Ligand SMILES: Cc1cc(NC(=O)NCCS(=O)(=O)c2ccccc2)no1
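In structure tokens, one chain follows: the form solved without the ligand.
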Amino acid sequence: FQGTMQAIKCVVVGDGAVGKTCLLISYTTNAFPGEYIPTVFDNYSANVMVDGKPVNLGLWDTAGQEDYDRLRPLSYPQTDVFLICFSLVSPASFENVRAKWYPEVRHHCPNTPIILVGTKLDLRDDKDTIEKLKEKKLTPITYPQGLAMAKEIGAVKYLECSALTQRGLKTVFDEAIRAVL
């Protein structure tokens, strides 16, 4: 009766420094914001209900490392939605969204939707973080900038979150799913 839960395959890309893995573990295990336990294994899954629809969300933690440029797109096929993430406190990872990630994804999956995600939303106001960036003559990415970037790459949504405070996290995954439904 009612068949099987809709299985949604969601593939997460971004630089290693973005800390995208922390997002997936915190959400899947529904962890306290401060503490979550790492595992020695790569993929995370959650059974969740969005808009009254229950689904089996599979979160693929891809490797940012360049060594994997050949190996990583093997699992791209069959994806329902793409999560593209960059650190709000790393303009380099931001620039890589346009430079490498979007092109790669688009090359391999032209019509699969994309969600742009801004990580470390909590650091964007940390003084020590702001200072170190300035010394390097860099400033954190702003909301208006992330949005423009999304518009540019043709991402369904642009969203900012913080694995540590957990604020804005649930939404990323809810919206990832609204994108598939």
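The term rigid core refers to the most C-alpha atoms you can superpose between the two forms while keeping them within 1.5 Å. When you see a residue number, it is the position in the sequence shown, counting from 1.
Quick note: we don't show the form deposited with the ligand bound, though the next part is all about it.
Chemist: Using a 4.5 Å heavy atom cut-off, which residue among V55, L123, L147, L133 comes into contact with the ligand in the bound PDB entry?
Modeler: Going through each option in turn, the one that passes is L123.
Chemist: So in the bound PDB entry, does any heavy atom of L164 sit within 4.5 Å of the ligand?
Modeler: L164: yes, in contact with the ligand in the bound PDB entry.
Chemist: Classify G168 as contacting or not contacting the ligand in the bound PDB entry by the rule of any non-hydrogen atom within 4.5 angstroms, answering yes or no.
Modeler: It does not: once the ligand is placed as it appears in the bound PDB entry, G168 has no heavy atom within 4.5 Å of it.
Chemist: Using heavy atoms and a 4.5 Å limit, would one call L159 a contact residue for the ligand in the bound PDB entry?
Modeler: Output for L159 is no: heavy atoms all beyond 4.5 Å of the ligand.
Chemist: How about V11 - does it come within 4.5 Å of the ligand in the bound PDB entry, if we only consider non-hydrogen atoms?
Modeler: No, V11 sits far enough from the ligand in the bound PDB entry that none of its heavy atoms falls within 4.5 Å.
Chemist: In terms of non-hydrogen atoms within 4.5 angstroms, which of the given stretches 31 to 39, 136 to 144, 108 to 116, 150 to 158 touches the ligand in the bound PDB entry?
Modeler: Selected stretch: 31 to 39.
Chemist: Please name the single residue among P140, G146, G64, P113 whose Cα shifts by at least 2 Å between this form and the one not shown after core superposition.
Modeler: Between the two forms, the residue that moves is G64.
Chemist: Classify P38 as shifted (yes) or not shifted (no) between this form and the one not shown, where shifted means its C-alpha moves by 2 Å or more with the rigid core superposed.
Modeler: Yes, its C-alpha moves 2 Å or more.
Chemist: Since the CA distance of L169 and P33 differs by 3 Å or more in the bound PDB entry, is it closer or farther than in the form displayed?
Modeler: Farther: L169 and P33 separate by 3 Å or more in the bound PDB entry.
Chemist: Shorter or longer C-alpha distance for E66 and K120 in the bound PDB entry, given it differs from this form by 3 Å or more?
Modeler: It is closer: the C-alpha separation of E66 and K120 falls by at least 3 Å in the bound PDB entry.
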